[PDB]
Every structure is written in C-alpha cells, then in structure tokens.
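In what follows, a single structure is set out as structure tokens and then discussed.
Chains: A, B, C, D, E, F, G and H, in written order; residue numbering restarts at 1 for each.
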C-alpha cells in the first residue's frame, strides 16, 4: 500500500508529504516541523518563526507586511533577553526596510543602534542630502575608531565602508571608484564606473574584456544586467 | 631561493585567502569537503586556472585523503599487533 | 526558475543600504538537529582508527596523523593544478588528480568514469644479432 | 623517568645491575612575569 | 677595536652601562590588546604578533621581525634591546529603548641576543642591495669568523688532569640560559537557553557563523588612491 | 601446526644451502653463528630463503612457457647465439618479467655505441 | 539479481549499481597447462562459511522466495548478449575483432564471481558499522570493500624491507 | 679489446678526481643507471602530454619529491636530507636549553641509562 500513495495538526505539519501536489512541551517539535515545511523546495509569542526565515520567504512569495509586523513587534518587545536575537531581528528589519525603499525608516532605525556620535551625525547628514558632509563624518568616525579607546560592532564597520562608496557615487567620484573596484574585485561597481567614465566601447580591444566581465556576471541574471 | 627565505581580476587578493583558515593540527579536526573546497581555489588561481575547479572535485579529494590515512595506519598497526 | 547563487563579489548579509536581485535565489543551507560538524570532524579520525584496527592513539601520534593529512592535501593539489595547466586547460578536473594519485601514491578510487619500438631500434637490434652469430 | 639509571656490573647475567630607569628588571621581574602570563593566558 | 661583552650578560650591567640613553622600544599593554608608543592601531594578544609578547617573556631578541627593526632604525646596545613596558591593565545593548542626548605601572627590561639573530643578520645582508649586494655569499664564512673573534676574545684553554677537575669546571662554567629543567609531557539549565538562541538565529548569514580584528584595509587603500590621484593632478 | 614441533622436526627439513654460506651472511647481517645461536634457527632461516628462491623459479618458468609481432621487450639485453636444440633457456627477459612481481627492476641497455 | 542472490534483499540505489558496474568494467578491460612437469620432456605419450550460510538461508526460505532465488541465480552479463557485451567492453579498442565464444563464456563466469565477492564483503562492513551506532548497502561500503580487495600479500614487498622506497604496482585482478 | 665510449670517459673523469684504482664493473653500472633514469623520466613526461620542455621539467620536479635528496650542496643547497636550516636551528634551541646532567665522581664512567633502554634479558 505504501507504493501506491493536536494529532491532526501534527500530522498535517509533519505527518504527510505534499510533494505530489497542544501541550506546550510539544510545541517546539511543531515549530521545527513548520520551519522545515516552509523552506521546502517543491513549492512553485505562542508560535515563533526565526526573523530571517520569514524575511527570506516573504521576499520570494509576497508576504512583506506579514513578516514586517512580527519584526517590528519583536523589536518593540524582544522575545528573549539576549543580544544575538536582538541583533538578528534588527538586521532583518533593516534589510526589509532597505529593500522596500523606505530611506527614512532605515536611517531612523539605524540611528538608534550606532554608538559613535560621528555615525549619527553622518546618517543625519545623509538623510537630508548633504553627501560630502556625511562622507566627512564617516571618515572622522573611522579615524576615531582606529585608535581603540572603545570597542565597536562589525555592523557599523560595514556601514561606514558601504556608505562612503554610496556617497562617492552620489558625488561623481568615478575616477576613484574605478580603481577601488578594480583593486577589490567589485565587478558590478567596475561595470557601472566603466559605462560612465571611459570610452572602452569604441574598439574591440576593451570591448572584448568588457563583454567577458558581462558574461561572467551574467550567471546570476538581474534586471540591471 | 634566498628571496623565498629572507578590465582585470586581482588574483593576488583571492590567493592570499589560503592563510585565513586554521590547519587540521591547529583546530584538531580531520579535513573534510568544506575545508578542501576552501583550499582548492587559491591553488587554481596560483597556476593560472581562471575557471576554477569542477563541482565534484572536493568530495573526490576527501575520499582520497581518508584512503591514504587508512593505508598508513593499517601498515603501522600490522607490524606491532 | 532554477535557484541561482550570489555573484559579483560585493558580499552578502551586510546590513547596509547597498541592496543592489535574482528572480529566485537559493535557500542557504541550515540544520536544526543538534549534532554539529565541528564535533563530528573531531570523531572522524576515531572512526577511521576503529575501521583499521578491527582513545586508541596517544596525544603525540594524533598530531603526526593530522600533519600527515594536511601535507597530503597541500601537495597533491599543488601537483595536480600545474599538471592541468600544462595540457592547456583553464579548469581543474578529476582526471588530473587521478593521474597524480595513481602515479605518485598507488591510490585508486573507483566509480568516477602503449609504447612500441620504432624502426631505428629494430635496425640496431638486427645489427647486433647479426654480429652475434 | 629522567633519573632512571642502571650500572655496569660484570658479575651479572647481562653485565648490567638494575637498582631495585623606572622599575628596573631585577627588582620587578616576577611582577612583570605575572602580568605577561596573565596577558598570554 | 671594540669592547667585548661579558661571559654572562645581565640586566644590571646593561642598565648601568647604558644609563642616560633612550630605550630601544616602548610598549603599552591593555586589557585585551597592546600597542607601541607611536603606533596608531592596536595588536590583539590572540594575533600573530603574540609572538613578540612571548619574546618579552623569555628576554630574547625577536629575530622574526628583524627586518622591520632595521628599517625603523631601532638602536641596539651590545646586541641587546632595552624595552619599557607601560601597564594599564590594573546597558541593554542594541535596544531601541536606550537613551542618549543625540538620540600605569612602568617596567624596564633587557632582551639578549641569540644565534638565530646572527644567522638572520647575515641572511638579510646577503639580499640587501648596496658587487650588487652588501655581502657576497662566498665571503659569508670569513665574515662570520671575524664577528666571532669580536664576541669571544677570551676562552678557557687550560687543561684538566682528571675527571674531578672536569666536573668542577663544568660546574663553574654554567650559564643561566642553558640551565633549565626538561619540559613536561604532552597532555590532552543553560542548554535550553542556548538551544532557543540557536533556533532563533536560523538562516542568518553572519551572526549564525559566529555561534574580530579590524585592520581598516579598505580605508587605507582609498587614502593611497586619493594621494596618488592628487599627485597626478598636481603634475598637470 | 605448532612452532615447537616444527623446530623439533628440523632434522628432516634441512635445506641444500651449506652451513658456511649461512654463517657468512648471518654475520654480515649481525647475528653470531650457530656456535652461539641455535642451529635450528639458522636452518629455519636458510629454509625460508630456499622457499623464496623456488617461488621465483617456478615463476619465470611459467613466463618462459607461455611465450612458446614476435619481437623482444626492450631493456633485457643478453645472450649469444641463443643456445641449441629445443631446450628451455633461462633468459634475462623471463627473470625480469617474474621478479617485477616482487618489486625488483633489472632493466639494462642492449647496445652501448 | 546478482546482489539479491548474494544476500542483499533490499533495494540498492542507482549510485551503488553504478559504482559496481564501473569496477566490473575496469576489471574486464584490465584483463594440461603449458608449464606442467610433462612439459619437461620433448616427447609426449597419451595417458592410459559461504556454503553453510547459503544452505541455512535456503532452509529458511519459503516456496515463493526459493523460486525467486532460483530464477535470479541465472543472471549473466554475456548470455544472449554477445554484441551488447562486446560493445560495452570495447573489444575492438583493446583487442582484435571477434574473440572466440570461449573467451566470452569465461568472462561471464568471472564477472559473476566479482560481483558476488564485492557484495559479500560490503554486507559485513555495513553490519559492523550498524552495530557501533547502537536498509541496503551504500557506496561507501563498496568503497571500503574495494580498498580491502586491492591489498597484496606481504611476499610482494619483502625486497623493499629496511629501505624508503614506495611500492608501485598495477591494478590487482580480484 | 673493444670498449664502448662514455666508459673510457667515465674512467678518465674518475681518474681526474683522484681515484687511483677502480673495479672494472663500475662504468657499466653507471651506464645502466643512466639508462634507467632516462627511461623513467621520459615515461613520466609522456603521460603529462609531442612532448615539450615544460612537461620534462614538471616530470623532473615531481620525481624530486621522493628521491635524490643528496649531493654536495652548500649554502641553502638541498643536501644531507634537504632539511631547512631554520628548523634545525629551532630544534637545537629547544634541545640545548636544558642543564647538563649532574654526575658524581663515584658514578663517572660506570652509570648507564634506565632499564627500559638497555639490552637485558635478550639471550
């Protein structure tokens, strides 16, 4: 018969396989089963789902607000008084805000985590459109952090690194960015800088190399390529 | 030898990643597919293999390493037991 | 469509505003069972020793065995990559590793898919034979 | 067994008998060593 | 002509002979990292530069970075190094609810030369352009010989008549650096909270891996590029 | 099959190797001769050597026999007129073929010019 | 079928049969008497555990299982498959065309024993692995069996004793 | 009597180096060794491939991993086993750091190592 093919809830969650188409102590098992079912490939505080699982599933199956509500509520009231959970929730919320295109909420959320006053001032300047001032603030923050009087997180490090480049792009510093991308092997940034600040397209000598780069970055198609 | 003792892709940046992983003797772990995969690419870039390696090479290498260690240990054991 | 990996070299997971995305990315690998790999790699050697002799090594022998494994890998790979580049290849394949393993170490792994003398040698041998009679 | 010894004895079966500036270094070296050992952990 | 060092070199002799001179190095030690006097960054105790600290424990010259010492012009005093050590060792993070308005002891020590240091010196001289190089390899041995003549001008050449005299001489010529003992043999609830934390970190790109030495390489590269571009612009 | 019984039966299992050769090679290797060593142990060692040689002979006779296009294998130069009559000749080729299975290389050049 | 007769009543995956076929193909490609005492002379004058386990299993077998076992016992690489076997083994690529039928029968006899030996060793390895933890055979058990079957008697390296030379040989023909 | 060339040459080279006598079967031993080495090297180079010079160099480099670790090499020359000098220097540093053993006049010349390391009960 096998060849031809709370109890109800558990059976549905993990008892059956859909590939063809409640004691508290037992809830964790159902949570694990639901996590397993959510991420299966064949597709296409009582109940807790990891923030990043919800984020990843929403970004692909159009469930933005459903995940955002839980993320913001957890931010308001953490489920577990731990640093790792708070970090993960904040990172997922920031990623969703950035993807959704809400600059104001992203900057506001990030301004509540930054420890350096220089980072806060840089973000404030970035919000209002003063790119050079924000770049200077980021440089000052990095220089201050070089000494080592007070520790800092890796998120702020990455934020400085990325936002300096963003401000440089907004300020049309393509000559610097081209060398930076060539040194750091940033293919997308290199292509963007070359498409703007050179004439490699006139002759095959450089066009062949540019096409080689394009076909190299074409294994992960996106609308911008 | 004395020096050994005293548009484009920046391949040196990728090659310098070989020294950012602990050795088996340092971590106390027998090498597996993941570690061998991490080791493969800098070697390929050193030799001018710009297309990397085949997807199925790391598993083959791990099997070969286990076979080699088993042979050495068997040879040692059979002479003293 | 087919799940696609991350390419470009910019990096993934950075909590910044440099978002860019693929139509369908591939789900990162994860496990929620309880037996981690960092612990199983610390029992793989014991499993092998159990296999051959059928802990069982002193602290000073396990160190040498781990050194052996490190040296074997960082040696076979070095030879095979240069051999692959010799014959005009831009990629490393199992055939090069197999050649090195079979000719330098006598190791054969199953399941992964002539010289003759020419006329001058024959002439010299004929001359010697004619002289010998 | 650093102090394990046998002796030469020609009257035995095998010929062997088995017995059956501030803070100058000299005055602060110990304190500095304690601090450095704490640093090295 | 030069004065040779004594048979046993001690911190007292060097610190008394070379008073009034600047120290060779100055190092500041903190809770989890250390730095040098004029350095901008920091070195963690778990980093490769940990090796230097070990030398500070053994009062040995750190030959593994000798080149870097020669580049900077570090002074030597009879082949030893004088080092001063400064000792400074002796809420709700990442929560939006937080408020905000914008919301030592001194030691002096001496490190003594070794044979690896002399080997390193000669090897470095062999590859240092000035003949081409400062030292030709075929002349290495001769040069070494002369150096030895300047380090051990006196030896104990009087013979002994019996084993008791040899025992007494071996007792009398003992050296502290070669008087150690043999080494030691080689040797080999919160669970629920940890499990919940691990479960809540599922599918995390970076935070999951952990369950940190900033070198600012990118910023230094950007500064170098900016300096080079400014120099190029100034030419035109 | 005990070792004690075998060593006690060493009277009937003595090999064809003279005692002088055994003593000479035992001394070269580092073992004092049977005046101080037991004669039975030396006899056992000589018997093992004889067995090894007989194995290497039985092979290479098999190789000679299966051999009875058509040119010799390079690297085994030897011989003269080739003997006479339909007799079996021990040649360098057969010995090399046989001993390659024991891990020995005996290859030479045929001519020197 | 061949695996089933050798005590493997499970359902092996594709990888296991693939690796077994690879090993058998490699062996086949690598592959009175002339040397008898009568050959000493120039004139010739005309003259004049496995079984016990199999028996126990057969006794334990039922009628239908016994019939299935008897039917499966007759599996062959070459029987009524001469052209298929010759194409598979690359006869023309390693030897002149059309070897006689006796060669084909001998190769059929040898391949069956190859498979049987491999299966019987892999089963023991699998059982020993199962015991220590407290389903069919998998590719790693076949790998271990192949590693065991490639070991040579100590007589073939006795002339390298006391030295630091590596032993290099050909593929052993089990 | 006939004698091949390169044999007279090897013997003259030996004489020029201060050897006043040698056995007759040294020249042919050397010639056969050269034959074997050439055959092995080029058989290796054949598989890595017409054969180029790069294949020959790679075959030689591969062979150099397990044999010929000798010769009369000097400063940073791979002779005597091929060990690096810095490694030997640090091994010497580890060894020479221990105090010399203390021996009384009554045990000078008569004391031996421990029972574990001597040949007792071997007959």
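Definition applied: a contact is a pair of C-beta atoms (placed from the backbone, for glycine too) under 8 Å apart; a residue touches a chain by one contact, two chains touch by 3 or more.
Identification of common neighbours of subunit E and subunit H yields B, C, D.
More C-beta pairs in contact connect the chains of C-G than those of the other pair, out of C-G and F-H.
If you average the Cα atoms of subunit D and of subunit G, the two centres end up 62 Å apart. Taking the mean of the C-alpha atoms as each chain's centre, subunit C and subunit F sit 42 Å apart. Taking the mean of the C-alpha atoms as each chain's centre, subunit B and subunit H sit 29 Å apart. Each chain gets one centre point, the mean of its Cα atoms, and the points for subunit C and subunit D are 46 Å apart. Listed for subunit B are residues 2, 5, 63, 67, 70-71, each touching two or more other chains. Looking at subunit E, residues 182, 199, 202-204, 206 sit in touch with two or more other chains. Shown for subunit G are the residues that touch two or more other chains, namely 143, 166-167.
Subunit C meets subunit H in the complex at residues 79, 82-83, 86-87, 99, 103-104, 115.
Residues 2, 21-26, 28-29, 31-33, 35-41 of subunit D are the ones that touch subunit E when the two sit in their complex. Residues 50-51, 54, 103, 105-106, 108-113 of subunit C are the ones touching subunit G in the complex. Contact residues of subunit B toward subunit C in the complex are 23-25, 28-32, 34, 36, 39-40, 43-44, 46-54, 56-57, 60-61, 63-74, 77, 81.
Of all the residues in subunit E, the ones that touch subunit H in their complex are 114-116, 119, 137, 140, 163-164, 167, 170, 174, 177-182.
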